[PDB]
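Raw structure_16.txt, compact mmCIF, C-alpha atoms and all ligand atoms:
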# COMPACT_ATOMS: atom_id res chain seq x y z
CA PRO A 1 2.55 -1.11 -1.10
CA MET A 2 -0.07 -1.97 1.49
CA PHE A 3 -3.37 -0.41 2.44
CA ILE A 4 -5.30 -0.94 5.70
CA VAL A 5 -8.75 0.35 6.58
CA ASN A 6 -10.17 0.04 10.10
CA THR A 7 -13.86 1.01 10.40
CA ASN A 8 -16.90 0.75 12.67
CA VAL A 9 -18.94 -0.27 9.63
CA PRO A 10 -20.21 -3.87 10.18
CA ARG A 11 -18.76 -6.80 8.24
CA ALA A 12 -22.12 -7.44 6.47
CA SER A 13 -21.99 -3.91 4.99
CA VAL A 14 -18.64 -4.57 3.27
CA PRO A 15 -19.65 -5.57 -0.26
CA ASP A 16 -18.37 -8.52 -2.23
CA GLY A 17 -15.41 -7.40 -4.33
CA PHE A 18 -14.20 -4.68 -1.96
CA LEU A 19 -10.65 -6.02 -1.44
CA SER A 20 -10.40 -6.75 -5.18
CA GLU A 21 -11.47 -3.18 -6.02
CA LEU A 22 -8.92 -1.73 -3.61
CA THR A 23 -6.23 -3.98 -5.11
CA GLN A 24 -6.99 -2.93 -8.70
CA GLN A 25 -7.47 0.76 -7.93
CA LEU A 26 -4.35 1.03 -5.80
CA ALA A 27 -2.24 -0.73 -8.49
CA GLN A 28 -3.51 1.82 -10.97
CA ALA A 29 -3.04 4.77 -8.58
CA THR A 30 0.48 3.88 -7.35
CA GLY A 31 1.84 2.32 -10.55
CA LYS A 32 2.91 -0.74 -8.46
CA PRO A 33 2.01 -4.01 -10.25
CA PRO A 34 -1.06 -5.62 -8.68
CA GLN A 35 0.99 -8.66 -7.59
CA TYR A 36 2.58 -6.46 -4.92
CA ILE A 37 -0.53 -4.82 -3.45
CA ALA A 38 -1.57 -5.93 0.07
CA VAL A 39 -5.00 -4.83 1.33
CA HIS A 40 -6.57 -5.33 4.75
CA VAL A 41 -10.07 -4.37 5.93
CA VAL A 42 -11.05 -4.45 9.60
CA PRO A 43 -14.81 -3.92 10.16
CA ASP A 44 -16.89 -3.86 13.35
CA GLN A 45 -14.43 -1.65 15.23
CA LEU A 46 -15.08 0.33 18.39
CA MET A 47 -14.08 3.78 17.19
CA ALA A 48 -15.26 7.39 17.24
CA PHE A 49 -14.45 10.47 15.16
CA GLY A 50 -15.18 13.83 16.78
CA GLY A 51 -16.95 11.99 19.65
CA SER A 52 -19.50 10.48 17.24
CA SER A 53 -19.88 6.80 16.49
CA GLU A 54 -21.41 7.41 13.08
CA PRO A 55 -19.47 5.59 10.32
CA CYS A 56 -15.80 6.54 10.16
CA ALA A 57 -12.50 5.02 9.08
CA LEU A 58 -8.85 5.11 10.11
CA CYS A 59 -6.57 3.98 7.28
CA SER A 60 -2.96 3.74 6.26
CA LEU A 61 -1.05 3.48 3.00
CA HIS A 62 2.61 2.40 3.10
CA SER A 63 4.69 2.49 -0.06
CA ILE A 64 8.31 2.58 -1.13
CA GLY A 65 8.13 5.84 -3.03
CA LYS A 66 5.04 7.15 -4.82
CA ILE A 67 4.26 9.23 -1.69
CA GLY A 68 4.14 13.02 -1.82
CA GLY A 69 1.99 16.14 -1.64
CA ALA A 70 0.08 15.86 -4.92
CA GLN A 71 0.15 12.04 -5.00
CA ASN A 72 -1.30 11.80 -1.47
CA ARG A 73 -4.05 14.28 -2.40
CA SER A 74 -4.87 11.97 -5.30
CA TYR A 75 -4.85 8.83 -3.20
CA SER A 76 -7.10 10.52 -0.62
CA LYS A 77 -9.68 11.49 -3.28
CA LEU A 78 -9.65 7.92 -4.66
CA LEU A 79 -9.84 6.19 -1.29
CA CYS A 80 -12.40 8.53 0.35
CA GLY A 81 -14.40 8.05 -2.87
CA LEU A 82 -14.36 4.27 -2.49
CA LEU A 83 -15.19 4.39 1.24
CA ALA A 84 -18.14 6.78 0.60
CA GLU A 85 -19.59 4.75 -2.28
CA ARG A 86 -18.90 1.25 -0.87
CA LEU A 87 -19.09 1.70 2.91
CA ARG A 88 -21.20 4.89 3.09
CA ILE A 89 -18.54 6.68 5.14
CA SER A 90 -18.46 10.46 4.86
CA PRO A 91 -15.05 11.64 3.57
CA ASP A 92 -14.75 14.10 6.48
CA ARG A 93 -14.87 11.11 8.87
CA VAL A 94 -11.84 9.38 7.31
CA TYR A 95 -8.16 9.77 8.21
CA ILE A 96 -5.44 8.14 6.10
CA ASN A 97 -1.81 8.02 7.35
CA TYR A 98 0.72 7.92 4.47
CA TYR A 99 4.18 6.42 4.99
CA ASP A 100 7.07 6.67 2.54
CA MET A 101 9.03 3.62 3.67
CA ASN A 102 12.73 3.22 2.98
CA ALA A 103 13.42 -0.03 1.11
CA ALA A 104 15.73 -1.17 3.95
CA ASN A 105 12.76 -0.91 6.33
CA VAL A 106 10.37 -3.17 4.48
CA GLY A 107 10.72 -6.91 4.95
CA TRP A 108 9.48 -9.45 2.41
CA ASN A 109 10.42 -12.97 1.38
CA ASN A 110 13.08 -13.61 4.04
CA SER A 111 14.83 -10.30 3.34
CA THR A 112 14.06 -6.63 2.65
CA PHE A 113 13.68 -4.48 -0.45
CA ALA A 114 17.10 -2.81 0.07
CA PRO B 1 -5.04 13.63 15.91
CA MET B 2 -5.88 9.96 16.41
CA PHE B 3 -5.37 7.55 19.28
CA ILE B 4 -5.50 3.73 19.06
CA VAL B 5 -5.37 1.29 21.96
CA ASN B 6 -4.95 -2.46 21.36
CA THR B 7 -5.41 -4.57 24.51
CA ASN B 8 -5.98 -8.11 25.77
CA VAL B 9 -8.54 -6.68 28.25
CA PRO B 10 -12.01 -8.11 27.39
CA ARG B 11 -14.62 -5.95 25.68
CA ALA B 12 -16.98 -6.16 28.70
CA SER B 13 -14.27 -4.48 30.84
CA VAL B 14 -14.16 -1.37 28.62
CA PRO B 15 -16.45 1.21 30.29
CA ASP B 16 -19.30 2.61 28.12
CA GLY B 17 -18.00 6.21 28.23
CA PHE B 18 -14.37 5.30 27.51
CA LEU B 19 -14.25 6.53 23.88
CA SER B 20 -15.88 9.82 24.94
CA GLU B 21 -13.45 10.27 27.83
CA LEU B 22 -10.46 9.63 25.58
CA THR B 23 -11.85 12.14 23.08
CA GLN B 24 -12.35 14.88 25.68
CA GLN B 25 -9.02 14.24 27.46
CA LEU B 26 -7.07 14.18 24.20
CA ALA B 27 -8.75 17.37 22.95
CA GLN B 28 -7.69 19.05 26.19
CA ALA B 29 -4.19 17.53 26.13
CA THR B 30 -3.37 18.26 22.47
CA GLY B 31 -5.27 21.56 22.18
CA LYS B 32 -6.93 20.21 18.99
CA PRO B 33 -10.69 20.82 18.68
CA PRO B 34 -12.74 17.78 19.80
CA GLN B 35 -14.30 17.55 16.31
CA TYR B 36 -10.91 16.30 14.95
CA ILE B 37 -10.14 13.69 17.57
CA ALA B 38 -10.33 10.04 16.38
CA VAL B 39 -10.18 7.23 18.97
CA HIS B 40 -10.12 3.48 18.43
CA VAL B 41 -10.16 0.74 21.08
CA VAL B 42 -9.45 -2.90 20.24
CA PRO B 43 -10.08 -5.27 23.14
CA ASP B 44 -9.85 -9.08 23.32
CA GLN B 45 -6.44 -9.16 21.66
CA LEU B 46 -3.95 -12.04 21.66
CA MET B 47 -0.88 -10.24 23.06
CA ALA B 48 1.91 -10.60 25.59
CA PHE B 49 4.30 -8.17 27.27
CA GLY B 50 7.53 -9.61 28.71
CA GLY B 51 6.20 -13.12 27.98
CA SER B 52 3.13 -12.59 30.19
CA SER B 53 -0.54 -12.48 29.14
CA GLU B 54 -1.57 -10.26 32.07
CA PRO B 55 -3.36 -7.09 31.01
CA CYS B 56 -1.30 -4.90 28.67
CA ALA B 57 -1.77 -2.38 25.88
CA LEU B 58 -0.06 -1.31 22.66
CA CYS B 59 -1.12 2.19 21.63
CA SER B 60 -0.38 4.96 19.18
CA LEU B 61 -0.97 8.71 19.02
CA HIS B 62 -0.60 10.40 15.64
CA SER B 63 -0.78 14.21 15.48
CA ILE B 64 0.18 17.00 13.15
CA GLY B 65 2.49 18.80 15.57
CA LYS B 66 2.04 18.79 19.35
CA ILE B 67 4.51 15.89 19.57
CA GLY B 68 7.81 16.30 21.45
CA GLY B 69 9.92 15.22 24.42
CA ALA B 70 8.05 16.99 27.23
CA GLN B 71 4.65 16.73 25.53
CA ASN B 72 5.01 12.97 25.01
CA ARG B 73 5.99 12.57 28.67
CA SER B 74 2.80 14.40 29.59
CA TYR B 75 0.67 12.35 27.20
CA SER B 76 2.16 9.12 28.57
CA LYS B 77 1.22 10.07 32.15
CA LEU B 78 -2.31 11.01 31.06
CA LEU B 79 -2.92 7.93 28.92
CA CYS B 80 -1.31 5.38 31.26
CA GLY B 81 -3.37 7.01 34.00
CA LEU B 82 -6.59 6.38 32.04
CA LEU B 83 -5.66 2.83 31.04
CA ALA B 84 -4.83 2.02 34.69
CA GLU B 85 -8.01 3.63 36.08
CA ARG B 86 -10.48 2.47 33.40
CA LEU B 87 -9.01 -0.83 32.09
CA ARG B 88 -6.90 -1.84 35.14
CA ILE B 89 -3.68 -2.09 33.06
CA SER B 90 -0.38 -1.47 34.86
CA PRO B 91 1.52 1.48 33.31
CA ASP B 92 4.66 -0.68 32.99
CA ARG B 93 2.69 -2.96 30.64
CA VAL B 94 1.77 -0.16 28.20
CA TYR B 95 3.64 1.06 25.14
CA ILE B 96 2.55 4.19 23.23
CA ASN B 97 4.11 5.00 19.84
CA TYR B 98 4.04 8.74 19.10
CA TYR B 99 4.08 9.98 15.48
CA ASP B 100 4.56 13.61 14.43
CA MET B 101 2.90 13.48 11.03
CA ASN B 102 3.51 15.91 8.23
CA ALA B 103 0.30 17.59 7.05
CA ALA B 104 1.00 16.33 3.49
CA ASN B 105 0.99 12.74 4.81
CA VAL B 106 -2.44 12.87 6.46
CA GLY B 107 -5.46 12.31 4.22
CA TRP B 108 -8.88 13.60 5.22
CA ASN B 109 -11.98 14.71 3.33
CA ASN B 110 -10.84 13.82 -0.24
CA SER B 111 -7.49 15.57 0.22
CA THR B 112 -4.70 16.03 2.80
CA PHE B 113 -4.00 18.62 5.50
CA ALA B 114 -1.20 20.19 3.38
CA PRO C 1 10.51 -3.48 21.07
CA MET C 2 7.09 -4.59 19.83
CA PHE C 3 6.10 -6.99 17.11
CA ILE C 4 2.62 -7.19 15.56
CA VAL C 5 1.38 -9.72 13.00
CA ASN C 6 -1.98 -9.44 11.24
CA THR C 7 -2.98 -12.50 9.23
CA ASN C 8 -5.90 -14.20 7.55
CA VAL C 9 -4.83 -17.53 9.07
CA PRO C 10 -7.55 -18.63 11.49
CA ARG C 11 -7.14 -18.51 15.26
CA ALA C 12 -7.25 -22.31 15.61
CA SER C 13 -4.18 -22.56 13.36
CA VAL C 14 -2.02 -20.44 15.70
CA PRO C 15 -0.16 -23.00 17.79
CA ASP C 16 0.14 -22.92 21.55
CA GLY C 17 3.40 -21.20 22.46
CA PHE C 18 3.52 -18.93 19.42
CA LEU C 19 3.65 -15.64 21.35
CA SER C 20 6.26 -17.13 23.70
CA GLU C 21 8.40 -18.25 20.77
CA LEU C 22 8.14 -14.79 19.21
CA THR C 23 9.09 -13.25 22.55
CA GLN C 24 12.13 -15.51 23.00
CA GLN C 25 13.36 -15.28 19.41
CA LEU C 26 12.89 -11.49 19.27
CA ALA C 27 14.84 -11.14 22.52
CA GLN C 28 17.65 -13.18 20.95
CA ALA C 29 17.53 -11.30 17.63
CA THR C 30 17.13 -7.68 18.85
CA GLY C 31 19.20 -8.15 22.02
CA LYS C 32 16.48 -6.40 24.04
CA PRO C 33 15.74 -7.89 27.47
CA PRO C 34 12.81 -10.40 27.28
CA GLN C 35 10.88 -8.34 29.90
CA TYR C 36 10.47 -5.51 27.39
CA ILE C 37 9.36 -7.54 24.38
CA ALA C 38 5.71 -7.01 23.39
CA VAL C 39 4.05 -9.29 20.89
CA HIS C 40 0.59 -9.17 19.29
CA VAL C 41 -1.02 -11.66 16.89
CA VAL C 42 -4.22 -10.88 15.02
CA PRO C 43 -5.71 -13.84 13.18
CA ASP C 44 -8.89 -14.26 11.09
CA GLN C 45 -8.26 -11.02 9.20
CA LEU C 46 -9.92 -10.00 5.93
CA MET C 47 -6.91 -9.46 3.77
CA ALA C 48 -5.43 -10.08 0.35
CA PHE C 49 -1.96 -10.00 -1.13
CA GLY C 50 -1.62 -9.63 -4.91
CA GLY C 51 -5.43 -10.02 -5.20
CA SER C 52 -5.33 -13.50 -3.55
CA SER C 53 -6.76 -14.53 -0.17
CA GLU C 54 -4.28 -17.39 0.31
CA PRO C 55 -2.46 -17.14 3.62
CA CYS C 56 -0.54 -13.91 4.05
CA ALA C 57 0.62 -11.52 6.80
CA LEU C 58 1.23 -7.85 7.40
CA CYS C 59 3.57 -7.21 10.30
CA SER C 60 5.49 -4.49 12.06
CA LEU C 61 8.51 -4.34 14.30
CA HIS C 62 9.11 -1.17 16.32
CA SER C 63 12.39 -0.82 18.25
CA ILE C 64 14.48 1.94 19.78
CA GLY C 65 17.60 1.31 17.73
CA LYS C 66 18.63 -2.13 16.47
CA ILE C 67 17.02 -1.28 13.09
CA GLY C 68 19.14 -1.09 9.91
CA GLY C 69 19.92 -2.73 6.59
CA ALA C 70 21.62 -5.94 7.77
CA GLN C 71 19.62 -6.19 10.98
CA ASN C 72 16.27 -5.93 9.18
CA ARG C 73 17.35 -8.58 6.66
CA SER C 74 18.11 -10.85 9.63
CA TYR C 75 14.76 -10.09 11.34
CA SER C 76 12.93 -10.81 8.09
CA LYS C 77 14.59 -14.22 7.68
CA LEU C 78 13.74 -15.06 11.31
CA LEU C 79 10.14 -13.85 11.24
CA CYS C 80 9.23 -15.15 7.78
CA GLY C 81 10.78 -18.50 8.90
CA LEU C 82 8.48 -18.57 11.95
CA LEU C 83 5.37 -17.53 10.00
CA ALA C 84 6.11 -20.26 7.42
CA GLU C 85 6.79 -23.03 9.93
CA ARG C 86 4.07 -22.16 12.46
CA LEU C 87 1.36 -20.53 10.37
CA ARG C 88 2.12 -22.06 6.93
CA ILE C 89 2.39 -18.61 5.35
CA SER C 90 4.67 -18.33 2.35
CA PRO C 91 7.53 -15.80 2.91
CA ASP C 92 6.67 -14.05 -0.37
CA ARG C 93 3.23 -13.25 1.06
CA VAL C 94 4.56 -11.38 4.10
CA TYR C 95 5.37 -7.70 4.49
CA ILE C 96 7.05 -6.35 7.65
CA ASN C 97 7.30 -2.62 8.36
CA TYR C 98 10.37 -1.74 10.43
CA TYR C 99 10.39 1.40 12.58
CA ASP C 100 13.42 2.89 14.32
CA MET C 101 11.64 4.85 17.03
CA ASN C 102 13.15 7.83 18.83
CA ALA C 103 13.15 7.07 22.60
CA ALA C 104 11.29 10.37 23.18
CA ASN C 105 8.52 9.01 20.93
CA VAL C 106 7.88 5.77 22.87
CA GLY C 107 5.75 6.01 26.01
CA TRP C 108 5.96 3.46 28.80
CA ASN C 109 5.31 3.47 32.53
CA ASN C 110 3.88 7.04 32.77
CA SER C 111 6.77 8.59 30.84
CA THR C 112 8.94 7.91 27.78
CA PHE C 113 12.24 6.08 27.18
CA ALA C 114 14.14 9.38 26.59
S1 LIG A 201 4.77 -1.74 -2.35
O1 LIG A 201 5.11 -2.21 -3.73
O2 LIG A 201 5.19 -0.30 -2.19
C1 LIG A 201 5.68 -2.78 -1.15
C2 LIG A 201 5.52 -2.28 0.29
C3 LIG A 201 6.02 -1.04 0.67
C4 LIG A 201 5.90 -0.61 1.98
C5 LIG A 201 5.28 -1.42 2.93
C6 LIG A 201 4.78 -2.67 2.56
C7 LIG A 201 4.90 -3.10 1.24
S1 LIG A 202 -5.20 15.75 14.40
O1 LIG A 202 -5.98 17.02 14.54
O2 LIG A 202 -3.75 16.02 14.65
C1 LIG A 202 -5.42 15.12 12.69
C2 LIG A 202 -4.58 13.85 12.44
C3 LIG A 202 -3.19 13.91 12.50
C4 LIG A 202 -2.44 12.76 12.24
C5 LIG A 202 -3.08 11.56 11.92
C6 LIG A 202 -4.47 11.51 11.87
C7 LIG A 202 -5.22 12.66 12.13
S1 LIG A 203 11.86 -2.13 22.85
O1 LIG A 203 12.78 -2.58 23.94
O2 LIG A 203 12.68 -1.56 21.72
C1 LIG A 203 10.73 -0.85 23.50
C2 LIG A 203 9.82 -0.30 22.40
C3 LIG A 203 10.37 0.39 21.32
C4 LIG A 203 9.53 0.91 20.33
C5 LIG A 203 8.15 0.73 20.42
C6 LIG A 203 7.60 0.05 21.50
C7 LIG A 203 8.44 -0.47 22.49

Kindly transcribe the structure held in the file into structure tokens.
Amino acid sequence: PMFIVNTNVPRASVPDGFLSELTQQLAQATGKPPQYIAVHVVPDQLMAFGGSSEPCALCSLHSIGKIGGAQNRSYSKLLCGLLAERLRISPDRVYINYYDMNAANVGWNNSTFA
Amino acid sequence: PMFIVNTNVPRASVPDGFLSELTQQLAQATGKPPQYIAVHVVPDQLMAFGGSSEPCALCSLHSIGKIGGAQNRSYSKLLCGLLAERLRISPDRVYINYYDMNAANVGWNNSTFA
Amino acid sequence: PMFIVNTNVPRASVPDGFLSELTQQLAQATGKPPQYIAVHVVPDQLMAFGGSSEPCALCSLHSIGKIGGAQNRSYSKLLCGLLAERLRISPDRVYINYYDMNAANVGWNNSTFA
């Protein structure tokens, strides 16, 4: 699976260990081995949420399976939790798009997962 | 809903009120309250359209509902209009990906919209 | 169609001609006229793959049609080949999300492709 967070929070406010913590926590949350987890953080963005430029984040989680009503609620609690504690972003200023990708539609290592 | 514009236009050429205008125009266009609108502008990008590095933009609009054939035509006229007026990007050098998201697949405020 | 690559490889390591090569090769591979191909490269990203910050990439290819099991395998071989040769990124550290977009959901030139 892969997780991306885009935020207006400045690079200096992203703590050491953040990508590692996302990697570990997402492995645990999704049940994908950590070797598979891709994470990507994009600070210093020009973004607004409700017309306000206070800290916010626009994120995505793509996975082959492990995506669903209850699971996505759980991921959102985990991830908003991390963004609040680590980046000081209010959970109500975070959106996370979830994508259940078909294996045929995910490329890797010169091929796809199909 | 959330709107993202990625462009090779330089940051200095993005007008100061651009995020606020997008927010207001999208609230009007989608009928969603302005409090929910997220907007994200990413200038200075290394991109090409048809092999040319003249101004261009790659955009997305995600919404829970309010996505469809006629609506997307209307959004495309509105958004190309704004990109042309404010960023001086030709409409034929703009792509906008529209996504009709399920409420269960949009995380917000420690949960999802489901 | 449109191709985006986000990578932690630094800007200076992206060779001259890279976007043109992607344009040409994607025209050949997808069959789409070169004039319609959009390409976007985002270097210097803060990312990890399997907990490691060695070179990696997260990519996407959106197309109206020309997406499927065999086709995506072919795209993946092409694109991982290019990322390896040009950016020195190992194929097993690349993910590519493939999207078969409905024409009504792709805006261009004040309207959509529908
Ligand atoms: S993960 O193990 O689910 C692999 C993956 C899935 C979807 C997009 C990118 C990577
Ligand atoms: S909007 O009010 O439609 C909320 C939203 C929908 C989809 C993605 C992100 C945010
Ligand atoms: S391409 O010729 O397929 C046009 C396109 C399709 C999907 C997204 C963006 C552009």

Closest contacts (chain A/ligand LIG 201 (chain A), max 6 Å, all atoms listed in the file) as CSV:
residue,atom,partner,partner_atom,distance
A:1,CA,A:LIG201,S1,2.6
A:2,CA,A:LIG201,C6,5.0
A:32,CA,A:LIG201,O1,5.4
A:36,CA,A:LIG201,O1,5.1
A:62,CA,A:LIG201,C4,4.6
A:63,CA,A:LIG201,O2,3.5
A:64,CA,A:LIG201,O2,4.4
A:101,CA,A:LIG201,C4,5.5
A:106,CA,A:LIG201,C5,5.6

With C-alpha atoms retained, write the just-selected residues as a CSV table (one decimal), keeping the file's coordinate frame.
chain,number,residue,atom,x,y,z
A,1,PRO,CA,2.6,-1.1,-1.1
A,2,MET,CA,-0.1,-2.0,1.5
A,32,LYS,CA,2.9,-0.7,-8.5
A,36,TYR,CA,2.6,-6.5,-4.9
A,62,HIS,CA,2.6,2.4,3.1
A,63,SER,CA,4.7,2.5,-0.1
A,64,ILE,CA,8.3,2.6,-1.1
A,101,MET,CA,9.0,3.6,3.7
A,106,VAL,CA,10.4,-3.2,4.5

Name the residues, by chain letter and number, that sit within 9 Å of ligand LIG 203 (chain A) using all atoms listed in the file, and give them as a PyMOL selection string. (chain B and resi 58-59+94-97) or (chain C and resi 1-3+27+30-38+61-66+99-103+105-108+113)

I'd like the interatomic distance between CA of residue 49 in chain A and CA of residue 25 in chain B, to a tenth of an Å.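 These atoms are spaced 14.0 Å apart.
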
Could you check which of B:26, B:5, B:70, B:57 is closest to ligand LIG 202 (chain A), using only C-alpha atoms and all ligand atoms?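 Closest to ligand LIG 202 (chain A), using only C-alpha atoms and all ligand atoms: B:26.
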
So that I can check the surroundings of residue 72 in chain C, please list as a list in words every protein, DNA and RNA residue that reaches within 8 Å of it, counting only C-alpha atoms and ignoring chain neighbours fewer than 3 positions away.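 Listing them by chain and then by number gives residues 104, 105, 107, 111 and 112 of chain A; 67, 68, 69, 75, 76 and 98 of chain C.
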
One-decimal distance in Å that lies between CA of residue 44 in chain A and CA of residue 88 in chain B: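 These atoms are spaced 24.1 Å apart.
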
Could range 19-35 of chain B be completed with N, CA, C and O atoms and returned as an mmCIF file, in the frame of the given file?
data_model
loop_
_atom_site.group_PDB
_atom_site.id
_atom_site.type_symbol
_atom_site.label_atom_id
_atom_site.label_comp_id
_atom_site.auth_asym_id
_atom_site.auth_seq_id
_atom_site.Cartn_x
_atom_site.Cartn_y
_atom_site.Cartn_z
ATOM 1 N N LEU B 19 -14.634 5.814 25.116
ATOM 2 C CA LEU B 19 -14.250 6.530 23.880
ATOM 3 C C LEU B 19 -14.459 8.044 24.033
ATOM 4 O O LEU B 19 -13.645 8.868 23.562
ATOM 5 N N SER B 20 -15.552 8.411 24.700
ATOM 6 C CA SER B 20 -15.880 9.820 24.940
ATOM 7 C C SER B 20 -14.886 10.474 25.884
ATOM 8 O O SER B 20 -14.513 11.623 25.685
ATOM 9 N N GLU B 21 -14.453 9.740 26.909
ATOM 10 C CA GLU B 21 -13.450 10.270 27.830
ATOM 11 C C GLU B 21 -12.115 10.468 27.131
ATOM 12 O O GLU B 21 -11.465 11.488 27.302
ATOM 13 N N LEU B 22 -11.703 9.488 26.333
ATOM 14 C CA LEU B 22 -10.460 9.630 25.580
ATOM 15 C C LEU B 22 -10.534 10.859 24.682
ATOM 16 O O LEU B 22 -9.588 11.645 24.591
ATOM 17 N N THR B 23 -11.662 11.012 24.000
ATOM 18 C CA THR B 23 -11.850 12.140 23.080
ATOM 19 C C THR B 23 -11.686 13.477 23.799
ATOM 20 O O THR B 23 -10.918 14.331 23.374
ATOM 21 N N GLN B 24 -12.402 13.635 24.912
ATOM 22 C CA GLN B 24 -12.350 14.880 25.680
ATOM 23 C C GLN B 24 -10.949 15.135 26.250
ATOM 24 O O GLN B 24 -10.423 16.254 26.158
ATOM 25 N N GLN B 25 -10.346 14.100 26.836
ATOM 26 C CA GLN B 25 -9.020 14.240 27.460
ATOM 27 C C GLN B 25 -7.937 14.542 26.431
ATOM 28 O O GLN B 25 -7.056 15.362 26.685
ATOM 29 N N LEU B 26 -8.020 13.903 25.267
ATOM 30 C CA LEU B 26 -7.070 14.180 24.200
ATOM 31 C C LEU B 26 -7.255 15.570 23.584
ATOM 32 O O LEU B 26 -6.279 16.221 23.221
ATOM 33 N N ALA B 27 -8.499 16.012 23.451
ATOM 34 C CA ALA B 27 -8.750 17.370 22.950
ATOM 35 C C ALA B 27 -8.092 18.369 23.893
ATOM 36 O O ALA B 27 -7.395 19.292 23.458
ATOM 37 N N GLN B 28 -8.316 18.187 25.189
ATOM 38 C CA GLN B 28 -7.690 19.050 26.190
ATOM 39 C C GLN B 28 -6.163 18.970 26.113
ATOM 40 O O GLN B 28 -5.483 19.993 26.089
ATOM 41 N N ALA B 29 -5.634 17.747 26.081
ATOM 42 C CA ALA B 29 -4.190 17.530 26.130
ATOM 43 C C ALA B 29 -3.441 18.054 24.908
ATOM 44 O O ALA B 29 -2.349 18.598 25.037
ATOM 45 N N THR B 30 -4.022 17.863 23.724
ATOM 46 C CA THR B 30 -3.370 18.260 22.470
ATOM 47 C C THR B 30 -3.705 19.693 22.036
ATOM 48 O O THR B 30 -3.026 20.272 21.163
ATOM 49 N N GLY B 31 -4.770 20.252 22.601
ATOM 50 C CA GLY B 31 -5.270 21.560 22.180
ATOM 51 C C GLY B 31 -5.963 21.550 20.822
ATOM 52 O O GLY B 31 -6.280 22.623 20.290
ATOM 53 N N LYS B 32 -6.183 20.356 20.257
ATOM 54 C CA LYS B 32 -6.930 20.210 18.990
ATOM 55 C C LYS B 32 -8.425 20.268 19.319
ATOM 56 O O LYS B 32 -8.847 19.809 20.389
ATOM 57 N N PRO B 33 -9.245 20.825 18.409
ATOM 58 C CA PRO B 33 -10.690 20.820 18.680
ATOM 59 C C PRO B 33 -11.238 19.376 18.758
ATOM 60 O O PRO B 33 -10.763 18.496 18.042
ATOM 61 N N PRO B 34 -12.230 19.138 19.630
ATOM 62 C CA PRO B 34 -12.740 17.780 19.800
ATOM 63 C C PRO B 34 -13.282 17.158 18.504
ATOM 64 O O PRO B 34 -13.259 15.948 18.354
ATOM 65 N N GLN B 35 -13.723 18.000 17.572
ATOM 66 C CA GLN B 35 -14.300 17.550 16.310
ATOM 67 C C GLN B 35 -13.288 16.728 15.488
ATOM 68 O O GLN B 35 -13.699 15.916 14.657
#
